[PDB]
């Protein structure tokens, strides 16, 4: 099965083979030989500038998002949270649960954030000390203007947090130039590794002032970072070593492909071809080509009264392709990712399977 999902996805066989080893968490072979190498490569991958550092955290991407919210903000801080999808909404949900001061700016799932509106909010409330926004809303496949909001964060001197879970590694970006202080991302999406942990690449000057902020020991990003910094990459608690080995290999394959610039080109091409082919088959995209993220695409569900995603999905799977359900509140859609082990030939084979699975036609 080819997983046309937003991740966990179809990893390369070499990435999987790298998991076939048992590592000792106290040994330098692992901490220096693997962990420190991953940290250094992540920072370099995020920016050419100095002053940044990486921290890895056990769990899913949401854990890292929660860790940043509870670690990057002090008891007198307040974060402006842009919400235009499930992941933006989850940050608002986390803030409310954790009792973190905030202001939610919701603009709809199919609406690009209004930068001027964000500018006004920041102007009317200087109490806002942080700005948080999702870069790639995997929910609808939309891409938010992290650059413009970043310029806004720099103008007002705010700490900028970006959830780049489904974009880092697949879309060119230099977080320093974007004025991003905390870049959050996944091990199993654009980088193409397997699930197990997430990471945050942060402006050291900012992170270094977060001691005591977290009320969670497990999710204390500062303590986690300090331990890696003082003990050659060592993780405070048990780390998913096998998945970490897989990540090191995924990073190497990313470098081999030609870096983010090359991977981005492949993803864009895959999508361009997929979309053209789907439209040729009568499907319609939820969003206009301008708002598209290059890792996934949302399509309106067929209007035929006989169409059922459950059946469409099963028939595609029977042919070896696994698509994804759509979770857009205002519209009935389904999604098709194009990252991971997906190349030109795969898109073509996918389209043939789609035509074949269109049982309602």
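Numbering follows the first chain given and starts at 1.
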Which wins on mean Cα temperature factor, 149-157 or 231-239?
149-157
Per the entry, where is the mean C-alpha temperature factor higher: 165-173 or 105-113?
105-113
Name the residue from 258, 196, 75, 277 with the greatest C-alpha temperature factor listed in the entry.
75
Candidate set 61, 70, 33, 294 [ranked by C-alpha B-factor, highest]
294
Would you check the entry's CA temperature factor for residue 66 and let me know if it's in the chain's lowest, middle or highest third?
lowest
For residue 44, the third of its chain into which the C-alpha B factor falls:
lowest
Splitting the chain's C-alpha B-factors into thirds, which one does residue 10 fall into?
lowest
Report the third (lowest, middle or highest) to which the CA temperature factor of residue 270 belongs, ranking only the modelled residues of the same chain.
middle
Chain third (lowest, middle, highest) by recorded CA B-factor, residue given as residue 83:
highest
